[PDB]
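Everything below concerns the one structure shown next.
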Amino acid sequence: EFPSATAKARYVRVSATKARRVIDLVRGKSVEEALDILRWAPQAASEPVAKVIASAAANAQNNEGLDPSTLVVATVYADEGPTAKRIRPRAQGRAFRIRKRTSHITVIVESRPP
Amino acid sequence: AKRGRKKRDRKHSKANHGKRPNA
Amino acid sequence: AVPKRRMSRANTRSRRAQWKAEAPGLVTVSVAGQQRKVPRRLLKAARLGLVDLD
Amino acid sequence: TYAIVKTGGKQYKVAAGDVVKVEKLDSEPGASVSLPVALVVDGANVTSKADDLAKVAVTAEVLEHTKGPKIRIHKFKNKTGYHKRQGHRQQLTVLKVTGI
Amino acid sequence: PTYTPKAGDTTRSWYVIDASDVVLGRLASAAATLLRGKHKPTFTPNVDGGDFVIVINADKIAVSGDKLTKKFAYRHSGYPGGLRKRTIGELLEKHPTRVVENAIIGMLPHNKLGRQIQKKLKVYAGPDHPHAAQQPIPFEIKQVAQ
Amino acid sequence: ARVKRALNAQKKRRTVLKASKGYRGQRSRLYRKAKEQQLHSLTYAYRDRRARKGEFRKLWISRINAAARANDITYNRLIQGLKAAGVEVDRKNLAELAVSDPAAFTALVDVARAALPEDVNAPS
RNA sequence: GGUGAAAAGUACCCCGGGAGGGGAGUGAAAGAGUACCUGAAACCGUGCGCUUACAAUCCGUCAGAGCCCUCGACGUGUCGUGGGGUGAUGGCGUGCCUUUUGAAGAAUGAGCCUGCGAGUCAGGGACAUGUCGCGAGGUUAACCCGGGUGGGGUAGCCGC
RNA sequence: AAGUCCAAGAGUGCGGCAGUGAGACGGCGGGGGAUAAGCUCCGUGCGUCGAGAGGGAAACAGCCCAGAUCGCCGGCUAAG
RNA sequence: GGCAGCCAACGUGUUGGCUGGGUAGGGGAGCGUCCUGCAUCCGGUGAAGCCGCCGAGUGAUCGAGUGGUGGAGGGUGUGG
Ligand SMILES: [Mg+2]
Ligand SMILES: [Mg+2]
Ligand SMILES: [Mg+2]
Ligand SMILES: [Mg+2]
Ligand SMILES: [Mg+2]
Ligand SMILES: [Mg+2]
Ligand SMILES: [Mg+2]
Ligand SMILES: [Mg+2]
Ligand SMILES: [Mg+2]
Ligand SMILES: [Mg+2]
Ligand SMILES: [Mg+2]
Ligand SMILES: [Mg+2]
Ligand SMILES: [Mg+2]
Ligand SMILES: [Mg+2]
Ligand SMILES: [Mg+2]
Ligand SMILES: [Mg+2]
Ligand SMILES: [Mg+2]
Ligand SMILES: [Mg+2]
Ligand SMILES: [Mg+2]
Ligand SMILES: [Mg+2]
Ligand SMILES: [Mg+2]
Ligand SMILES: [Mg+2]
Ligand SMILES: [Mg+2]
Ligand SMILES: [Mg+2]
Ligand SMILES: [Mg+2]
Ligand SMILES: [Mg+2]
Ligand SMILES: [Mg+2]
Ligand SMILES: [Mg+2]
Ligand SMILES: [Mg+2]
Ligand SMILES: [Mg+2]
Ligand SMILES: [Mg+2]
Ligand SMILES: [Mg+2]
Ligand SMILES: [Mg+2]
Ligand SMILES: [Mg+2]
Ligand SMILES: [Mg+2]
Ligand SMILES: [Mg+2]
Ligand SMILES: [Mg+2]
Ligand SMILES: [Mg+2]
Ligand SMILES: [Mg+2]
Ligand SMILES: [Mg+2]
Ligand SMILES: [Mg+2]
Ligand SMILES: [Mg+2]
Ligand SMILES: [Mg+2]
Ligand SMILES: [Mg+2]
Ligand SMILES: [Mg+2]
Ligand SMILES: [Mg+2]
Ligand SMILES: [Mg+2]
Ligand SMILES: [Mg+2]
Ligand SMILES: [Mg+2]
Ligand SMILES: [Mg+2]
Ligand SMILES: [Mg+2]
Ligand SMILES: [Mg+2]
Ligand SMILES: [Mg+2]
């Protein structure tokens, strides 16, 4: 085991499968490397996930009191959240359904040795 | 009439003894 | 046309797999005496201060 | 040496000490049964003649009574509505062979 | 219970079969027999545990009757009208080896294990082979009387 | 007296789903498709439990034939001679003899050949 | 429709524009946080174990190598009356239901899960058969008296 | 006159509860048709399928063998 | 070697002999759910429900065997 800090972001207005597509870029990396990768990656879902990673780092800053530079994003994933249902009217009186999906991004970072 | 002849004749095998459904 | 059968999990996950992103390749630059990482495309523009390193 | 015992309508290759799961035998555990032989191999010579194969028996001891694996049967025929469920566990005895 | 081979139980022997003036079907049937391992008391249909077979003098195979001109080998290229036929005749001097091996492939099982089994067959049209390092013992086409 | 039929309904569901573990696809996830697969599974188990006794006899015969022909005798003549000699060992243990110790198999082939007619093709 | 016994409904600190969280506290519990009792399945991830890129698979079943876990024994890795997981490979193998002479059928129906959805009830009805009471008899209907399911009620009805 | 007779699970009579009343192919006897049809209509103490699993006929309801109470890592056979 | 249906023998629970494919359909005997009369038992030292483990029964199914979660009601007998 290694000392760990957690951060959760729930009900983020981003599809889970669109959050995972940038989560898969940064899994198992140092926090600073992950933050850089997210900051230059051209998909909008980076904005939530990046924040979540940073939030976790701060917890290890301020609640475990451990070294900034040893942090690695050990576990990160995106669960589905509640879906809102809407209607788009279509041709000849049809009415199709629209899903406004959300996500829960969870990150656990560990202070591994160098 | 190849299909009919060739189906109808496989009744004359040893294991069928000169008989078979649908002749 | 219309899908004849519901498609199986193996075959669904086979081409959901191709929908991925690639991480940009970063290089190091020195701005205001401290080191930052930027794409090699934006290297010059960082070296003369036209990209906002937060 | 090793023999081939006859029991339960089946033949089992046996050497002293081997444990064999055979069909049910009427013998309380601890009792010693004696079983006929279909063949004996001693080193390099075998006993195949019928009269002198009848001269030797294998003596074994009953260790316990066992239930075989649970077998589940579900007979089924399509479009007729016919199902039939049942199960079977076979009764067995464990024999620790002592002498040949 | 019944014997099944473990990991290091299979041992492989190298047989060289001379094909000079032998019937193609007889040679191929025997080669398939001792290529599949049907001559071993440790046979088990699950395991590929046969032997290596070299066929020497695959040129000199004997084909009885009148099959050197009226027996065909058909291949289809998958394209409409993509069927070509070569007699046993043409196939014996264009490149002869496959003739012999063709027969053997038709008497091995047509499953994945048959693909693994094929690799032990080495057919050579000449009277000599490069595998002298494995000491291939000559094999005679024998029949057991009854 | 209204009943909520869910306590009783779920029991067979859990039984069938627990039996359907390892099934590839949705035959291990959905009670209906798993039940359809269980029908085939138990019929196939009956079929193969019956035919296993023939598959194993096939295997024993094949091994015995190979060992016999190594000893230069045909399988059919071998068992004909063993029947003539009164040695009454079944094909299972005869296959264990063929594999484990071939010397006893050789001796038993000797007995079978010694107890066999001077002409197997004689009109008798 | 359902937080908790009681709002005691999270002071203060930290990341974040907020939303959301992490410490700290409240509480018996926060796997009770005003998205709140229990929290199943479908569906969606993440981690580990075995397997899989020369192979024609109603997707199983029977035999089965190798690997992984676990329980015993002797001992110190190899057997055992063993147990699990996964499965290279080999044999066999044409979904379910309706309706049909006959459907794997290229006939119908069914995307999936969870909840729901079809021989019931009334009547001195009719016929038959069990069971019980009384028996050449058997029984009351309306009704009357009983805080009751008890007791009276011969009109009729069936047998003769 | 016997046989079967700890069974055919047989006849016949009365009653309660039925389903069925679209059959198929094969052997033998025939009508219709062109002595055609995997056609159609009858007869048959004829069979199988229907409502039948298992083995053979490559596959193959109706053909040949044989009627599945369950288990066995025993043996003998049938058609082939 | 295990079960069951019909029948027989001694006799009063055994043994023996025959038999046990099956749709429409007929008959018999049962599993699980809920509500209740009466009787007993369990439960904040943790009921139900759910998720497992290890097992059991000829079948529906069972687990007054066990853990995890859970937080207030349940089991069994004999009738309705
Ligand atoms: Mg960004
Ligand atoms: Mg409009
Ligand atoms: Mg729509
Ligand atoms: Mg013509
Ligand atoms: Mg005809
Ligand atoms: Mg059918
Ligand atoms: Mg039908
Ligand atoms: Mg599996
Ligand atoms: Mg506290
Ligand atoms: Mg609690
Ligand atoms: Mg909710
Ligand atoms: Mg809740
Ligand atoms: Mg491969
Ligand atoms: Mg094929
Ligand atoms: Mg397979
Ligand atoms: Mg197959
Ligand atoms: Mg219709
Ligand atoms: Mg129909
Ligand atoms: Mg029709
Ligand atoms: Mg269909
Ligand atoms: Mg289709
Ligand atoms: Mg229709
Ligand atoms: Mg449809
Ligand atoms: Mg409804
Ligand atoms: Mg009524
Ligand atoms: Mg008679
Ligand atoms: Mg009878
Ligand atoms: Mg009758
Ligand atoms: Mg009519
Ligand atoms: Mg009619
Ligand atoms: Mg008719
Ligand atoms: Mg017709
Ligand atoms: Mg006629
Ligand atoms: Mg006519
Ligand atoms: Mg006709
Ligand atoms: Mg007729
Ligand atoms: Mg019908
Ligand atoms: Mg059949
Ligand atoms: Mg019939
Ligand atoms: Mg006949
Ligand atoms: Mg025989
Ligand atoms: Mg014959
Ligand atoms: Mg009996
Ligand atoms: Mg029956
Ligand atoms: Mg029968
Ligand atoms: Mg209950
Ligand atoms: Mg009660
Ligand atoms: Mg109490
Ligand atoms: Mg408490
Ligand atoms: Mg209740
Ligand atoms: Mg507890
Ligand atoms: Mg509990
Ligand atoms: Mg009741």
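Residue numbers (the authors' numbering), protein chains in the order written: chain U, 6 to 119; chain 3, 2 to 24; chain c, 2 to 55; chain T, 3 to 102; chain L, 2 to 147; chain S, 2 to 125. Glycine included, each C-beta is placed from N, C-alpha and C at the ideal position.
Considering only the alpha carbon of each residue, which of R25 (chain U), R15 (chain U), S35 (chain U) and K13 (chain U) lies closest to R117 (chain U)?
Considering only alpha carbons, the answer is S35 (chain U).
DSSP three-state label for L40 (chain S), please.
In the structure shown, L40 (chain S) sits in a helix (DSSP, three-state: H, G or I).
Using a cut-off of 7 Å between C-beta atoms, extract the partners of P25 (chain c) located in chain U.
Residues of chain U passing the Cβ test: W45 and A46.
Relative to the C-alpha of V19 (chain U), which candidate in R106 (chain U), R95 (chain U) and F7 (chain U) has its C-alpha closest?
The residue with the shortest Cα to Cα distance from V19 (chain U) is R106 (chain U).
Assuming the contact rule is C-beta atoms closer than 8 Å, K7 (chain L) and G51 (chain L) should be a hit. Round their C-beta distance to whole Å, please.
That pair is no contact at about 18 Å.
Output yes or no for whether 8 Å exceeds the beta carbon distance between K8 (chain T) and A40 (chain T).
Yes, these two residues count as a Cβ contact at 8 Å.
Three-state secondary structure (DSSP) at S35 (chain U)?
Strand at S35 (chain U).
Pair every Cβ in the region 111 to 125 of chain S with every Cβ in the region 10 to 24 of chain L, then say whether three or more of these pairs are closer than 8 Å.
No: the two stretches stay apart, fewer than three of their Cβ pairs being nearer than 8 Å.
Between the region 68 to 102 of chain S and chain L, which residues of the former have CB atoms less than 9 Å from a CB of the latter, in chain order?
Within the region 68 to 102 of chain S, the residues whose Cβ lies closer than 9 Å to some Cβ of chain L are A68, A69, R70, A71, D73, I74, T75, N77, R78, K93, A96, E97, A99, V100 and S101, listed in chain order.
Just the Cα atoms here: how many angstroms apart are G45 (chain T) and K72 (chain T)?
Going by the C-alpha atoms only, they are around 40 Å apart.
Is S51 (chain U) near ligand 1, judged by its Cβ being under 7 Å from some heavy atom?
Yes, the Cβ of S51 (chain U) comes within 7 Å of a heavy atom of ligand 1.
Got a sec: which bits of the region 40 to 58 of chain L sit with their beta carbon under 9 Å from any beta carbon on chain S, in order along the chain?
Per Cβ criterion, the list reads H40, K41, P42, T43, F44, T45 and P46.
Flag this pair as touching only if the region 71 to 89 of chain L and the region 33 to 40 of chain L have three or more C-beta atom pairs under 8 Å; answer yes or no.
No, they do not touch.
Quick one: which residues of the region 35 to 52 of chain c get their C-beta closer than 9 Å to a C-beta of chain U? List them in chain order.
Answer in chain order: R37, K38, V39, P40 and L43.
Can you check DSSP and say which residues form a bridge with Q35 (chain c)?
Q35 (chain c) is bridged to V32 (chain c).
Note the first and the last residue of the continuous beta strand (DSSP E) segment covering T95 (chain T).
Run containing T95 (chain T): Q93 to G101, per the beta strand (DSSP E) assignment.
Under 8 Å, with one C-beta from each stretch per pair, do the region 75 to 85 of chain U and the region 6 to 23 of chain 3 reach the 3-pair mark?
The region 75 to 85 of chain U is not in contact with the region 6 to 23 of chain 3.
When the distance is taken between beta carbons, is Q38 (chain S) closer than 8 Å to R30 (chain S)?
No. Outside cutoff.
So which of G10 (chain T), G11 (chain T) and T100 (chain T) has the shortest CA-CA distance to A59 (chain T)?
The option with the nearest alpha carbon to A59 (chain T) is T100 (chain T).
Counting only Cβ-Cβ distances shorter than 8 Å, please list the residues of the region 31 to 57 of chain S near chain L, keeping chain order.
Here the close residues are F57.
Ends of the beta strand (DSSP E) at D111 (chain S)?
Looking at the DSSP string, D111 (chain S) is not in any beta strand (DSSP E); the run it does join, the alpha helix (DSSP H), is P103 to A115.
With a threshold of 7 Å, establish whether the CB of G23 (chain S) neighbours any heavy atom of ligand 8.
Yes, Cβ of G23 (chain S) sits closer than 7 Å to a heavy atom of ligand 8.
Might you give, ordered along the chain, the residues of its own chain that have their beta carbon closer than 6 Å to the beta carbon of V24 (chain L), omitting 5 neighbours on each side?
These residues qualify, in order along the chain: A63.
Would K38 (chain c) pass as a contact of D41 (chain U) if the rule is Cβ separation under 8 Å?
Going by C-beta atoms, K38 (chain c) is nearer than 8 Å to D41 (chain U).
Within 10 angstroms of its Cβ, does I58 (chain U) collect 16 or more other Cβ (buried), or is it exposed?
So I58 (chain U) counts as buried.
Between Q36 (chain c), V3 (chain c) and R42 (chain c), which lies nearest to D55 (chain c) when the distance is taken from Cα to Cα?
It is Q36 (chain c) whose Cα lies nearest to the Cα of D55 (chain c).
Let me know the secondary structure DSSP gives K121 (chain L) once reduced to three states.
Of the three classes helix, strand and coil, the one that applies to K121 (chain L) here is coil, per DSSP.
Report the residue from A29 (chain L), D49 (chain L) and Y80 (chain L) whose alpha carbon sits nearest the alpha carbon of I57 (chain L).
If we check each option's Cα against that of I57 (chain L), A29 (chain L) comes out closest.
May I ask you to report which of helix, strand or coil DSSP gives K77 (chain T)?
Of the three classes helix, strand and coil, the one that applies to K77 (chain T) here is strand, per DSSP.
Among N68 (chain U), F7 (chain U), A65 (chain U) and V78 (chain U), whose alpha-carbon lies nearest the alpha-carbon of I28 (chain U)?
Checked all of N68 (chain U), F7 (chain U), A65 (chain U) and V78 (chain U); the closest Cα to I28 (chain U) is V78 (chain U).
Is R114 (chain S) close to chain L? Criterion is C-beta to C-beta, closer than 8 Å.
Not an interface residue.
Spatial neighbours of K95 (chain L) within its chain, please: CB distance less than 8 Å, with the 5 preceding and 5 following residues excluded, ordered by chain position.
Correct list, in chain order: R87.
Looking at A46 (chain U): is its Cβ nearer than 8 Å to the Cβ of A22 (chain c)?
Yes, Cβ-Cβ distance for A46 (chain U) and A22 (chain c) is below 8 Å.
Residue 128 (chain U): beta carbon under 7 Å from a heavy atom of ligand 3?
The question about residue 128 (chain U) has no answer, for chain U in this structure spans 6 to 119.
Just to confirm, is the Cβ distance from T98 (chain L) to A59 (chain L) under 8 Å?
Result yes, Cβ atoms of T98 (chain L) and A59 (chain L) sit closer than 8 Å.
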